[PDB]
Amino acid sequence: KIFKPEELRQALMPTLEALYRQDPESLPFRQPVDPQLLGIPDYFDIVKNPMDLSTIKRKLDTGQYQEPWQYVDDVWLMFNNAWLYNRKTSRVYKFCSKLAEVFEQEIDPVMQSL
C-alpha cells in the first residue's frame, strides 16, 4: 500500500499532539537538545542521532515519512536516546517513560486503522 502525505498527517499528527499535551513530561522533548545551553557537553558523544518532537512534527508536515513505521521509528529514537543518555532517577528518564506509555496507547488503534 502507498500512503499519501496528508493521509499520514491526518492519522499520525493526533498521536504527536497527545505527546505535546503531556505536562510536565513533554517539556524536555519539545525542541532539539542544546548541549551547550544545558551545560551537558558530552551529549553528542553519547547520542549519535538526535530526535525531538519538533523535528518529527516538521517531518510529518513536509511529507518526509513514506510509511507510518518510519514515524514510529523516529518517536522511538527520541525515547531510546533519552533512556540511553539520562540517569534512571532523572526527570528526563521518568518523563520519557511516561511519554512511551502515552504513545503506545495512542499509536495502536491508529496503526490498526492504517
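Numbers for residues come from their place in the sequence shown, where the first is 1. So that the term is clear: the rigid core is the largest set of C-alpha atoms that superpose within 1.5 Å between two forms.
Taking 46 to 54 and 32 to 40 in turn, the stretch whose Cα atoms are more displaced from the shown form in 7 other deposited structures of this protein following rigid core superposition is 32 to 40. In this entry, the higher average B-factor at the C-alpha atoms falls on 35 to 43, of the pair 35 to 43 and 81 to 89. Taking only CA atoms, the mean B-factor in the PDB entry is higher for 2 to 10 than for the other of 2 to 10 and 105 to 113. Among the modelled residues of its chain, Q70 has a C-alpha B-factor that falls in the lowest third according to the deposited record.
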